[PDB]
Every structure is written in C-alpha cells, then in structure tokens.
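Shown below: model-v6.cif, with mmCIF, C-alpha atoms.
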data_run
#
loop_
_atom_site.label_atom_id
_atom_site.label_comp_id
_atom_site.auth_asym_id
_atom_site.auth_seq_id
_atom_site.Cartn_x
_atom_site.Cartn_y
_atom_site.Cartn_z
CA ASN F 1 -6.62 -44.47 1.52
CA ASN F 2 -3.96 -44.54 4.25
CA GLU F 3 -3.09 -47.58 6.38
CA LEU F 4 -2.54 -47.13 10.11
CA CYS F 5 0.93 -48.19 11.20
CA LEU F 6 0.50 -49.90 14.54
CA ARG F 7 3.51 -49.48 16.78
CA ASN F 8 4.45 -51.43 19.87
CA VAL F 9 6.11 -50.48 23.11
CA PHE F 10 8.61 -52.90 24.56
CA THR F 11 10.57 -52.60 27.76
CA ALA F 12 14.02 -54.01 28.32
CA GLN F 13 17.20 -52.88 30.04
CA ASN F 14 20.21 -50.75 29.15
CA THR F 15 23.27 -49.24 30.81
CA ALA F 16 23.10 -45.57 31.85
CA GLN F 17 25.83 -43.22 33.05
CA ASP F 18 25.70 -40.49 35.68
CA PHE F 19 27.60 -37.21 35.71
CA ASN F 20 30.56 -38.86 37.48
CA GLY F 21 30.79 -41.55 34.80
CA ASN F 22 29.42 -44.33 36.98
CA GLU F 23 27.31 -46.94 35.21
CA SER F 24 24.05 -48.54 36.24
CA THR F 25 21.29 -50.69 34.81
CA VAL F 26 18.02 -49.02 33.91
CA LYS F 27 14.65 -50.07 32.58
CA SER F 28 14.34 -48.93 28.96
CA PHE F 29 11.22 -48.15 26.92
CA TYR F 30 11.33 -48.66 23.15
CA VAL F 31 8.86 -47.85 20.42
CA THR F 32 9.03 -50.42 17.64
CA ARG F 33 7.66 -50.21 14.10
CA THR F 34 8.26 -53.30 11.98
CA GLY F 35 12.01 -53.87 12.29
CA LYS F 36 12.90 -50.40 13.61
CA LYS F 37 13.28 -49.46 17.28
CA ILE F 38 13.67 -46.10 19.02
CA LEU F 39 14.78 -45.63 22.64
CA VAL F 40 12.24 -43.21 24.11
CA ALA F 41 12.57 -43.27 27.90
CA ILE F 42 14.19 -44.93 30.91
CA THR F 43 13.32 -45.36 34.55
CA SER F 44 15.70 -45.66 37.47
CA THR F 45 15.90 -45.13 41.22
CA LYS F 46 18.83 -42.80 40.49
CA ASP F 47 18.09 -39.10 39.95
CA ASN F 48 21.49 -38.22 38.51
CA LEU F 49 21.68 -39.99 35.14
CA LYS F 50 23.00 -37.99 32.20
CA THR F 51 23.24 -40.48 29.36
CA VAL F 52 22.08 -43.92 28.30
CA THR F 53 23.46 -46.59 25.94
CA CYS F 54 21.42 -47.75 22.95
CA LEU F 55 22.71 -50.74 21.00
CA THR F 56 22.29 -50.52 17.23
CA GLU F 57 23.71 -52.48 14.30
CA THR F 58 26.26 -49.69 13.89
CA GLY F 59 27.45 -50.30 17.46
CA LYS F 60 26.75 -48.39 20.68
CA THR F 61 25.18 -44.94 20.60
CA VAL F 62 25.24 -42.66 23.67
CA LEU F 63 22.02 -40.66 24.17
CA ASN F 64 21.51 -37.58 26.32
CA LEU F 65 18.69 -37.61 28.83
CA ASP F 66 16.21 -34.88 29.70
CA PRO F 67 15.82 -34.07 33.45
CA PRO F 68 14.33 -36.76 35.72
CA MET F 69 10.60 -36.66 36.36
CA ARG F 70 9.18 -38.26 39.50
CA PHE F 71 6.42 -40.90 39.41
CA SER F 72 12.00 -46.34 46.93
CA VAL F 73 11.29 -43.55 44.43
CA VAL F 74 11.48 -44.09 40.65
CA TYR F 75 12.53 -41.43 38.13
CA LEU F 76 11.47 -41.29 34.49
CA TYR F 77 13.82 -39.76 31.93
CA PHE F 78 12.93 -39.05 28.34
CA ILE F 79 15.69 -39.25 25.74
CA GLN F 80 16.50 -35.71 24.54
CA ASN F 81 14.59 -34.50 21.47
CA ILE F 82 12.41 -37.63 21.09
CA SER F 83 9.21 -36.95 19.11
CA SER F 84 6.06 -36.11 21.03
CA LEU F 85 4.27 -39.00 19.31
CA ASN F 86 6.78 -41.48 20.71
CA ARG F 87 6.57 -39.81 24.10
CA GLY F 88 2.81 -40.27 24.03
CA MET F 89 3.16 -43.96 23.22
CA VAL F 90 5.37 -44.54 26.23
CA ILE F 91 3.31 -42.43 28.65
CA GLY F 92 0.23 -44.46 27.73
CA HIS F 93 2.10 -47.71 28.19
CA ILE F 94 3.34 -46.80 31.67
CA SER F 95 -0.15 -45.62 32.68
CA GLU F 96 -1.94 -48.66 31.25
CA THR F 97 0.20 -51.00 33.35
CA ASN R 1 11.34 -31.74 40.28
CA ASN R 2 8.91 -31.85 37.35
CA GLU R 3 6.34 -34.43 38.42
CA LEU R 4 4.98 -36.76 35.74
CA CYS R 5 1.20 -36.65 35.22
CA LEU R 6 0.10 -40.03 33.94
CA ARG R 7 -2.46 -39.89 31.17
CA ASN R 8 -5.15 -42.45 30.50
CA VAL R 9 -7.32 -43.35 27.54
CA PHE R 10 -10.97 -44.29 27.97
CA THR R 11 -13.57 -44.92 25.32
CA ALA R 12 -17.24 -44.05 24.96
CA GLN R 13 -19.57 -43.06 22.14
CA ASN R 14 -20.27 -39.91 20.17
CA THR R 15 -22.41 -38.90 17.20
CA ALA R 16 -20.58 -38.12 13.98
CA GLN R 17 -21.78 -36.52 10.76
CA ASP R 18 -20.73 -37.49 7.25
CA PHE R 19 -20.34 -35.27 4.20
CA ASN R 20 -24.05 -35.85 3.46
CA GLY R 21 -24.94 -34.47 6.87
CA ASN R 22 -26.10 -37.92 7.96
CA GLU R 23 -25.46 -38.97 11.55
CA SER R 24 -24.13 -42.17 13.09
CA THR R 25 -22.81 -43.37 16.43
CA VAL R 26 -19.03 -43.79 16.71
CA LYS R 27 -16.54 -45.12 19.26
CA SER R 28 -14.73 -42.20 20.89
CA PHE R 29 -11.24 -42.06 22.41
CA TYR R 30 -10.60 -39.59 25.20
CA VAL R 31 -7.28 -38.74 26.81
CA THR R 32 -7.58 -37.85 30.48
CA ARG R 33 -5.07 -35.87 32.53
CA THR R 34 -5.38 -34.01 35.84
CA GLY R 35 -9.11 -34.75 36.10
CA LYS R 36 -9.87 -33.32 32.64
CA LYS R 37 -10.67 -35.11 29.38
CA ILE R 38 -10.14 -34.26 25.71
CA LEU R 39 -11.66 -35.96 22.65
CA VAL R 40 -8.72 -37.18 20.55
CA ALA R 41 -10.06 -39.72 18.04
CA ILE R 42 -13.03 -41.74 16.84
CA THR R 43 -13.36 -45.07 15.07
CA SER R 44 -16.14 -46.16 12.75
CA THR R 45 -16.83 -48.65 9.99
CA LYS R 46 -17.79 -45.64 7.84
CA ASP R 47 -15.05 -44.08 5.69
CA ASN R 48 -16.86 -40.79 5.00
CA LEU R 49 -17.11 -39.03 8.36
CA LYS R 50 -16.48 -35.28 8.37
CA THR R 51 -17.33 -33.98 11.84
CA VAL R 52 -18.02 -35.19 15.34
CA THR R 53 -20.20 -33.58 17.97
CA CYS R 54 -18.60 -33.15 21.35
CA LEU R 55 -19.97 -31.98 24.68
CA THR R 56 -17.57 -29.59 26.40
CA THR R 57 -18.84 -24.57 26.81
CA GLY R 58 -21.61 -26.95 25.77
CA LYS R 59 -22.23 -28.64 22.41
CA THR R 60 -19.48 -28.28 19.82
CA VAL R 61 -18.80 -29.60 16.34
CA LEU R 62 -15.23 -30.73 15.68
CA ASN R 63 -13.60 -31.46 12.33
CA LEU R 64 -12.03 -34.85 11.63
CA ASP R 65 -8.72 -35.60 9.92
CA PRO R 66 -8.94 -38.04 6.98
CA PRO R 67 -9.54 -41.67 8.01
CA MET R 68 -6.78 -44.20 8.50
CA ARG R 69 -7.51 -47.85 7.88
CA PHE R 70 -6.78 -50.79 10.17
CA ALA R 71 -8.08 -54.33 10.76
CA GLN R 72 -12.10 -59.70 10.40
CA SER R 73 -13.42 -56.19 9.75
CA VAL R 74 -12.10 -52.91 8.37
CA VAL R 75 -12.19 -49.98 10.82
CA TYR R 76 -11.39 -46.30 10.20
CA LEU R 77 -9.56 -44.17 12.74
CA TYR R 78 -10.10 -40.41 12.60
CA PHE R 79 -8.11 -37.97 14.69
CA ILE R 80 -9.80 -34.76 15.74
CA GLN R 81 -8.33 -31.80 13.83
CA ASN R 82 -5.31 -30.12 15.47
CA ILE R 83 -5.02 -32.64 18.27
CA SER R 84 -1.43 -32.81 19.61
CA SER R 85 1.16 -35.34 18.47
CA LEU R 86 1.43 -36.45 22.13
CA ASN R 87 -2.26 -37.24 22.28
CA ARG R 88 -2.11 -39.07 18.95
CA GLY R 89 0.62 -41.23 20.45
CA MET R 90 -1.55 -42.02 23.47
CA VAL R 91 -4.39 -43.28 21.26
CA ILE R 92 -2.17 -45.16 18.80
CA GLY R 93 -0.56 -46.96 21.73
CA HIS R 94 -3.95 -47.86 23.17
CA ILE R 95 -5.29 -49.23 19.89
CA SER R 96 -2.08 -51.24 19.46
CA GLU R 97 -2.45 -53.01 22.83
CA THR R 98 -6.13 -53.64 22.08
CA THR R 99 -5.20 -55.35 18.80
#
Produce structure tokens that represent the structure in this file.
Amino acid sequence: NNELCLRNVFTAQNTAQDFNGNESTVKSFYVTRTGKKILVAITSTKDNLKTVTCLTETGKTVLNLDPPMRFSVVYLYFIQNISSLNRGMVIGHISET
Amino acid sequence: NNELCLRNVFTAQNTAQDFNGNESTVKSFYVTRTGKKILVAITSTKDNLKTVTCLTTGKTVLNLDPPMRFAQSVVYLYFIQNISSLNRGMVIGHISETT
C-alpha cells in the first residue's frame, strides 16, 4: 500500500538577473507538495537571464538557469539540475493552459 | 535555440490483466509529443493489475509498477514499467488538476 502524493503547480513572480547584473521581473513556476515549494522554471521576454531569486525562510537563494528555450517572444528557462519529475509537472501545466 | 516541444496528456481505455490472468477495462493515460503518443499510466478500481495490453509494432503486453492509491472512491494508479520520470510528472500533474 502506497499513497499517491498529489502535487500542485503554482505560478507567481520573482526577480531574475542577466549576465550584466540587471534585474527584471519574471513569471515563476513552482511545484508544491504540502508545505514545501520548489522553483522549477521561469518565463520571460528576455533571452539573457542567468540567475533567478527564490525566497525561502532562510532568506534569498540565487539559482542558476539552464539556457532559454523558445515557445513578443517568450523564453522558458528551467532551473539548473531540477528533477525530471518536476520538469514534467511544469511542462504539463504550461501545455494544459 | 532549443525549441520547447509542449507535451499533452489525453486519456482513453485499455485492457489490463491481473495476476489471475483475468481481464478488465482500465482508464489509460498517454503522453503526446511531436505527433507521437506513449502509454504512461493506467487507473483502475482494481488493486491487483499486473500487465496492460497496448497497441503500438502491433499488440504488446506491458508490465505495470505497483499501484498507488488516491481518492468518494478509491482509485489505483499504475505507471507502466520503465516509463521516464518526466512522463510520470506529466501524468501526476494532470491527475492533480483533475482532482
């Protein structure tokens, strides 16, 4: 017997930084699981983001981004080394909306 | 550069076999991408399913992972053996927004 843990995807916003250190607001995609959240991906019209801010209880954490993927034009970035399961959750969410 | 291929989930029905060899109809979850589909999971009220028959090469029997329980009625979710973690995420997300 093993109970399925249903997870949710929630979008919000965060600050991201490009290679020149300039900040901008991005749409952020979180996977949540009863109390716990993980920042999985962001979207932006900017193709030059390098990092993104995630706010925790500990304070701010700065996360590296994987290269922008294309989908006036909006880019999707996954957070580096995020699990494939969490990636799948977010891809489905973006597609099913 | 790397373009993002959106994936979808759609559901239909398949025939599954339990450890007795007895057959029943189940709800099937497919992930689609680039005009191709892959069977990722099934759900059933039965907790004893062992295999599911898929139509690909032709007719093929696939093994199921052990059931996971979720809720009025109790349902069991079975992933197809060796399906990717990415595809599991797709189906878990879909079932979450259904619930």
* Select residues of chain R: the criterion is any atom within 6 Å of an atom of chain F, counting all atoms listed in the file; output as a PyMOL selection string. => chain R and resi 2-4+6+68-70+85-86+89-90+93+96
Using C-alpha atoms, can you write the selected residues to a file as a compact mmCIF listing (two decimals), in the coordinates of the input?
# COMPACT_ATOMS: atom_id res chain seq x y z
CA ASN R 2 8.91 -31.85 37.35
CA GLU R 3 6.34 -34.43 38.42
CA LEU R 4 4.98 -36.76 35.74
CA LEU R 6 0.10 -40.03 33.94
CA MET R 68 -6.78 -44.20 8.50
CA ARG R 69 -7.51 -47.85 7.88
CA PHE R 70 -6.78 -50.79 10.17
CA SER R 85 1.16 -35.34 18.47
CA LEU R 86 1.43 -36.45 22.13
CA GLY R 89 0.62 -41.23 20.45
CA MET R 90 -1.55 -42.02 23.47
CA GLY R 93 -0.56 -46.96 21.73
CA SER R 96 -2.08 -51.24 19.46
* Residues returned when the PyMOL selection byres ((chain R and resi 11-22) around 10) runs on this file, as an MDAnalysis selection string -> chainID R and resid 9:10 23:31 39 41:44 46:55 61:64
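One finds atom CA of residue 27 of chain F at 6.8 Å from atom CA of residue 11 of chain F.
Going from atom CA of residue 88 of chain R to atom CA of residue 34 of chain R covers 17.9 Å.
The interatomic distance for the pair atom CA of residue 82 of chain R and atom CA of residue 40 of chain R works out to 9.3 Å.
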